[PDB]
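A look at the structure
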Amino acid sequence: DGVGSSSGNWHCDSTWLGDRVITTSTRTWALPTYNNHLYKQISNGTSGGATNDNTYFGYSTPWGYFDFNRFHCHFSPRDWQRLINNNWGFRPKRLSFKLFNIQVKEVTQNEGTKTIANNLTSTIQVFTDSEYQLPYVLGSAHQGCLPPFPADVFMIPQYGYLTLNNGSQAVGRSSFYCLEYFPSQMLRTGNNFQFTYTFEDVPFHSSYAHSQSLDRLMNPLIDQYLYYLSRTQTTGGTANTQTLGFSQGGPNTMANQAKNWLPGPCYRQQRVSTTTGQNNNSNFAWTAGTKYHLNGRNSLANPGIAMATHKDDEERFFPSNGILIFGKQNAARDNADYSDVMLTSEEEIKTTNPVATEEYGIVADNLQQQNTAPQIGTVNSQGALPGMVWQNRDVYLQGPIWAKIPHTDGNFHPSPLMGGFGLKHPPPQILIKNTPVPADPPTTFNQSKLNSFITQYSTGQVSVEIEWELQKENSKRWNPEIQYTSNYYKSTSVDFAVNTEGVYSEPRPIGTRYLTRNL
Amino acid sequence: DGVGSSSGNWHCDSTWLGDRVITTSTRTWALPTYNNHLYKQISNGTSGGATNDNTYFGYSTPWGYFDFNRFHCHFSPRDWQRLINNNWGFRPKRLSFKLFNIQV
Amino acid sequence: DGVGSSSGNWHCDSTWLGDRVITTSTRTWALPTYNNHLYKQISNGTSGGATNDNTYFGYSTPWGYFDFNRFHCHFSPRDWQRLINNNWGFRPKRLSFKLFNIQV
Amino acid sequence: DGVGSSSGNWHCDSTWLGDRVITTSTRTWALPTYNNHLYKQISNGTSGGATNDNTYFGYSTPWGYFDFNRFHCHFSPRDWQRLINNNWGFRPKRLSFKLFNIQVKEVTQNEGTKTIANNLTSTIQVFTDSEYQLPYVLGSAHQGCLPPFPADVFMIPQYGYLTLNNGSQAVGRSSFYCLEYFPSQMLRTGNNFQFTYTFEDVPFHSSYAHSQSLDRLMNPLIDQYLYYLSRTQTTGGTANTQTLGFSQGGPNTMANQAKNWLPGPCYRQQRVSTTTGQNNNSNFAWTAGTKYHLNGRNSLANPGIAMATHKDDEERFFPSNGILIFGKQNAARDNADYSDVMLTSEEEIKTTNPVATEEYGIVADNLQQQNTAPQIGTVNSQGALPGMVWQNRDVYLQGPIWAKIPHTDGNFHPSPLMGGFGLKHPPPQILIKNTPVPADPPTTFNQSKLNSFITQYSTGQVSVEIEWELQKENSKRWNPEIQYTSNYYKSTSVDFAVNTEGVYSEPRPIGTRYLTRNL
């Protein structure tokens, strides 16, 4: 474990083995000293501009954390292509994490001339929250994951957390955590860190689309033996009176046929169009937004339960807060243009799932009588009903992978809404920090905590290995399937590649669901 | 025992085991050079303001010392809560001390 | 099994053992003859005051029953305090029931 | 274990074996139902007459308890005589307790005619507080111990306890105990109970008196080699000036001699006389009483630390609250006459202990100078000083035996002030109760607790066995010793015997300290 010997090698590869694929990626990182070595209380209240919906109480910390919860941390674009085009499903089995080649540096600033040198005897600290005792902040779709492009160098994100609040104030149950109250490894240059984790059994993600729909599973050529009420009134001439008539469902009355199953749950959302002209002229984004209400605070149900983005022939429409949206490269943080963002679509599930912007269905409102005409009600939110079947949201190359399932007495179908695999025991948080190095202390004792420190940062490499288990296709379909393909014709630059300026970009979102399977 | 390898790890924890609790804490420290490398005689006498009650004779030294004789050196507030709320008594049995990761 | 020998002893205690707590309680009881030795049909209908919401048909019996389905049947207040203050969870594992010292 | 067979036999005996004596006594008892089956809160406050000094908060219980903490529970008068006359010391080693021959009875009252019958199927409950979890009420010198005379039949005392109070009010730390929250044995007629206990090591009580005194341990015939300041001023004529003169202690100046030891501690008490005429005419009993002050309440220090009752030749005097006093038979509870009570005396300890009604000694008050004459102070309370030696209070045939030493961080010489042996783990409290038997319940359910019960009492016999270890005398004294003796001359009735009316009485208090031993 020398100053002069490397502690790691660079592993970035993929290997495919029948029913497994293993991915490895290595990236270079930089870690600053965060927060001036301090833990600070932060809050947001209702004074000034701030709304109640946005209040919080929390702490910010001197630590940083490692995040690889984005598919493109692990899969190259071509690899993602091999996966989606060929497999019905996949899931994660196990991972390996390595930190190595660690360099701690001190920066000296005199007279506007700045210099950087190694501090050989310096350490950094790392630990994993193996027991899940710290608030789990992965899974909230934050920035700071390993870059898609291997050549890119990245900065480690600062760690902070939230607890209960009333306005800008803490409450009795509010909790404070010190990360220094955990055991951590200390590494000098020449030391390394590693750990291994095994994923819990989780269902394969469905990289497939149904080629059948719930409302059409019958034999087109045959009648049912079952009957339905087809006529309530006589049909001939003007003297029409009530009657009862019954008919057998058949090829031309598939809508009426008796069926075994129901479409999935519905929490309806407002429809907006990409053709702006077709939209109402108000700013209705949050006012007409679909929301949930918790303890007096309102949150967008974004993106909410999975529903199809649009019905047949209407690519223009999307749910206002019902899809995942990714930025194009260098898209602005605020108020980016439609041309600067990429909207996902979940067409593939119209097959079993309600369209996002429409009713679930219709129910009776009242009791009909000779003097009372029957009335119906439109159902815009439907909870789980026996016989319902549904599909989860898709995952994307630039999307999230896993989430920690919250620790609660109950849940229904705990698949993370943003997409991915939901785990009771997800990959643990990995926290890293530069150890403080004091500048020279005073020569006579003072009890106050030291506030003068040498200025330091560290850089190193990090490796992640994941084994994924694959589910192969078993289709008897005669004709060819849809596949993700690169564009045939000439172009100014190559998709999923660099610029003349050296900027990698991902042009489109890529989903998982090209192959088909029956219902 | 290299320049480039750490000699210690950071242990700060509590474990409770029935009739024992074990506490560990780690802190970072800084030590200056004290006294210019010298031992100096010091005294306080009765001249000027000074009263008899406050007289002394002593020495000051170039050395520093480690002190962990305060309960909160070892117990977090929540830990202190588990202790006081649940036990009739406690006492100390043994200790371990480590100095590491030294930079001059 | 004599007229003159007791068939049971009075056990009312709590013992705490790490991850288990065991509670015991004993009480004295009295049982009357119920219903005059008869099973009787009972109902409530809609005549008079009575609403539909409250209708019933049933029987009443000569028997009595034992009920210990209330937490304080088993936990003393102090015991409940030790439990709630210190544990994330609890559940019931097994029970023993005894009837003794019977006098008619 | 039949209805018709006895479960115990009557054992009342003494056997002497060299260095042990074993005593057995059996008595008959009766237990009523106490408190109507209820636990009741009781308090005393400051309203009306009541003073602050007498406030309390507590509970009374349905239970009864067994008390044998009086020497005459175990020793017959003749036995006590063999013990005191012949042994330097004694202490308790172990005990056996038995309850047997139990009869539970129900009493029926109709029309002013009352009848008593057995209730064969009835039970009583017994338990020992082996773990000391209930407030220990023995050791406070209460009534209700087993009678001195074996033929007497006795009633079991009711159990009650006290906790913290403020005035008549409870405080946060006030505690409530239910005895039904302990396991107890249930016995029908024909069942029995027993247990065995071992006394912890405790020092032998001193049944001896010193034949030497602290101030006279020297050789009467020889001088000390040590000197003392004997003269501070010249003696001849009128022109007397200061000087220093030094002399050697000797036979005629024993008061001046250097010595190794000091007399025991002193908390001074007011002196009162049996000859009333010599007493001041006020009612000064509690106003001039020696007291301690705890949390704003004052209590007599009765009888307090052991000091001698009177000095030579003054039998008339006693400390106002410094001795134990016993009633003569049928003496009144309140305001009994001097002729109706028996006062103890602790003459025997004037040998090492200060007289109760006098100063410990004299100390300097100031600093003498040519212009300031020296001044002295009288010491009326003296705490422990190095070199002090002392003797404990005596024990009496009608006196207490043991006390529980309070559970505290500290104590000094934890010998109970009333006399006896102080134990961290004393003989446990034994609690007995009649089990409730309900009268007929109502024929339709009511949730209220039952308040109608059959009327019952129980009677039985109880046995205690104790082994005492003796310390034999080893005296080289030539002349005869003092001994307790029965009176030589004729008398109307025999001392320590019955009346023409069948009333046993104990005529005098008998102490333990007849034989002598050097210091």
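Rules of the game
Shown numbers run from 1 along every chain as its sequence is written, which may differ from how the entry numbers residues; residues without coordinates are omitted from display. Labels are handed out in written order, letters beginning with A for the chains and numbers beginning with 1 for the ligands. All reported values concern the displayed chains, which form part of a larger assembly. The basis for the side-chain values is all heavy atoms of the structure; hydrogens and waters are excluded. Where helices and strands are cited, they refer to DSSP runs of H or I of at least four residues and of E of at least two residues respectively, numbered from the N terminus. Buried means the residue's accessible area, taken with a 1.4 Å probe over protein chains only, is under 20% of the maximum for its type, while exposed means over 50%, and partly exposed covers the values in between. It only takes one pair of heavy atoms within 4.5 Å for two residues to be counted as in contact. Accessibility throughout is a Shrake-Rupley quantity obtained with a 1.4 Å probe, and a residue counts as covered only by protein chains that appear here. Accessible area that two parts lose when put together, with a 1.4 Å probe and added across both, is what the buried area reports. We define a salt bridge as a side-chain nitrogen of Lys or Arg found within 4 Å of a carboxyl oxygen belonging to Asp or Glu. Two N or O atoms form a polar contact when they lie within 3.5 Å of each other; inside protein one atom must be a possible hydrogen donor and the other a possible acceptor, and for residues adjacent in sequence the pair counts only when both atoms belong to side chains. A pair of aromatic rings is counted whenever rings of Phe, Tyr or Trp (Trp by its six-membered ring) have centres within 6.5 Å, and the orientation is called stacked for planes under 30 degrees apart, edge-to-face for over 60 and tilted otherwise. In this scheme, the term charge over a ring applies when either NZ of a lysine or CZ of an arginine sits within 6 Å of the ring centre and within 35 degrees of the ring normal. UniProt positions are given in the numbering used here, feature names are shortened, and annotations may be inferred rather than shown by experiment. Pairing between two strands requires that DSSP report at least two bridges joining them.

This deposited entry lists X-ray crystallography as its structure determination method and 2.7000 Å as its resolution.

**What about the overall build of chain A?**
The secondary structure content of chain A amounts to one helix and 30 strands. Projected onto its principal axes, the C-alpha coordinates of chain A cover approximately 110 × 55 × 45 Å. Here chain A holds 519 residues, and the buried ones make up 39% of them. Counting contacts in chain A only where the partners sit at least 6 residues apart, residues at least 24 apart contribute 75% of the total. For chain A, the computed accessible surface area is about 29300 Å², with 48% contributed by carbon and sulfur atoms.

**A look at the interface of chain A and chain B**
Contact with chain A, which involves 29 residues of that partner, is made by 25 residues of chain B. Together, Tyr181, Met186 and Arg188 of chain A form the three largest contributors to the area buried by chain A at its contact with chain B, with a combined 35%. Between the two partners, chain A and chain B, sit zero salt bridges. Joining chain A to chain B, the criterion identifies twelve residue pairs in polar contact. Counting residues per element, the side of chain A that touches chain B draws most heavily on strand β10 (residues 185-187) of chain A, at three residues.

**Re unusual backbone geometry**
For the bond running from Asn302 of chain A to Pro303 of chain A, omega is 0 degrees, close enough to zero to count as cis. Within the secondary structure, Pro303 of chain A sits in the loop between β19 (297-300) and β20 (317-319). At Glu111 of chain A, a residue that is not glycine, the phi angle is positive and equals roughly 65 degrees. As for its position among the elements, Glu111 of chain A is in the loop between β5 (87-110) and β6 (113-118). Located in the positive-phi region is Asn36 of chain B, a residue other than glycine, with phi close to 65 degrees.

**Section: the pattern of salt bridges**
All names here are of chain A. Counting across every chain of the model gives 38 salt bridges over all chains. Where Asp201 meets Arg91, a salt bridge forms, and the shortest distance between an N and an O atom there is 3.8 Å. Of the two residues, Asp201 is situated in the loop between β11 (193-198) and β12 (205-206) and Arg91 in strand β5; the sequence distance between them amounts to 110 residues. Look at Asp201 and you get exposed, because its relative accessible area is 71%. Classification of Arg91 as buried rests on a relative accessible area of 10%. Linking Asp334 and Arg333 is a salt bridge whose minimum nitrogen-to-oxygen distance equals 3.4 Å. In this pair, the class of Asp334 matches that of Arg333, namely exposed. One connected set of salt bridges, linked through shared partners, spans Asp19, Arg20, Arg91, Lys93, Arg94, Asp201, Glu467 and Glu469.

**A few points about the environment of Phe154 of chain D**
All names here are of chain D. Relative to the assigned elements, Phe154 resides in strand β8 (residues 153-155). Distance in space between the C-alpha atoms of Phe154 and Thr28 is 6.5 Å, their sequence separation being 126 residues. With near-sequence residues (within four places) excluded, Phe154 lies in contact with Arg27, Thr28, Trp29, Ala30, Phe66, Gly144, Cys145, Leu146 and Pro147.

**A word on helix α1 (residues 77-86) of chain D**
The complete set of buried residues in α1 of chain D reads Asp79, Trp80, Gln81, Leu83, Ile84 and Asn85 of chain D. On its buried side, α1 of chain D packs onto β1 (13-17), β5 (87-110) and β29 (456-472) of chain D.

**Regarding the packing of aromatic side chains**
Using the criterion set out here, one finds 76 aromatic pairs over all chains in the structure. Residues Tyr65 of chain D and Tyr159 of chain D carry aromatic rings whose centres are separated by 6.1 Å and whose planes lie at 80 degrees to one another, so their mutual orientation is edge-to-face. You can see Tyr65 of chain D sitting in strand β4 (residues 56-66) and its partner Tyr159 of chain D sitting in strand β9 (residues 158-163), a full 94 residues away along the chain. Across the pair, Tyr159 of chain D and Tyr65 of chain D agree in class, each one buried. Measuring from ring centre to ring centre gives 5.6 Å for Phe75 of chain D and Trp80 of chain D, while their planes differ by 75 degrees; the resulting arrangement is edge-to-face. The same class applies to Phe75 of chain D and to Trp80 of chain D, which are both buried. Members of the aromatic cluster, connected to one another through ring pairs, are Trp29, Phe66, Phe68, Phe97, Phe193, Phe195, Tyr197, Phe199 and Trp402 of chain A. Above the plane of the ring of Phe204 of chain A lies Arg91 of chain A, whose end atom (NZ or CZ) is 4.1 Å from the centre. Positioned above the aromatic ring of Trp286 of chain A is the side chain of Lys291 of chain A, whose terminal nitrogen or guanidinium carbon lies 4.5 Å from the ring centre.

**Things to note about the environment of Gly64 of chain D**
Residues and elements named next belong to chain D. Turning to its location among the elements, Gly64 is positioned in strand β4. Placed 96 residues apart in sequence, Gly64 and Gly160 show a C-alpha to C-alpha distance of 8.8 Å. Look past the residues within four positions of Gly64 in its chain and what remains in contact with it is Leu31, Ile156, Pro157, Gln158, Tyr159, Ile430, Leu431 and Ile432.

**Some details on the environment of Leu83 of chain D**
Residues and elements named next belong to chain D. Residue placement: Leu83 occurs in helix α1. We classify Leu83 as buried; its relative accessible area is 1%. Here the alpha-carbon distance between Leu83 and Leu470, two residues 387 residues apart in the chain, equals 8.5 Å. The residues touching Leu83, leaving out its near neighbours within four places in the chain, are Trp16, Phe75, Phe90 and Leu470.

**As for the arrangement of the chains**
Of all C-alpha pairs spanning chain A and chain C, none lies closer than 12 Å, and the two are not in contact. Structurally, chain B and chain D remain out of contact, their C-alpha atoms never closer than 12 Å.

**Thoughts on the UniProt feature "binding site: AMP" (unreviewed entry) in chain A**
Residue and element names in this part refer to chain A. Residues annotated by UniProt as "binding site: AMP" (unreviewed entry) correspond here to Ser415 and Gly422. Within the secondary structure layout, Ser415 lies in the loop between β26 (402-404) and β27 (421-423). With a relative accessible area of 23%, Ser415 lands in the partly exposed category. Those residues within four positions of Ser415 in sequence are excluded, and the remaining contacts are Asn392 and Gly420. A polar contact of 3.4 Å, which involves the side chain of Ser415, links it to the side chain of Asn392.

**Brief notes about the side chain of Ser25 of chain A**
Residue and element names in this part refer to chain A. Looking at the element boundaries, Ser25 is found in strand β2 (residues 20-31). In this structure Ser25 comes out as buried when scored by relative accessible area, which is 2%. A polar contact is formed between the side chain of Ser25 and the backbone oxygen of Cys73, at a distance of 2.9 Å. Those residues in contact with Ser25, other than ones at most four positions away along the chain, are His11, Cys12, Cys73, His74, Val462, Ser463 and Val464.

**Concerning the pairing of strand β7 (residues 124-128) of chain A**
All names here are of chain A. Most of β7 sits out of view: four of its five residues are buried. Summarising the sheet, β7 and β10 pair through three bridges and their orientation is antiparallel. Looking across to β10, one finds that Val126 is bridged to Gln185. Strand direction decides the pairing type here: β7 and strand β28 (residues 430-434), joined by five bridges, are antiparallel. Across the sheet, residue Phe127 finds its bridge partner in β28, namely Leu431.

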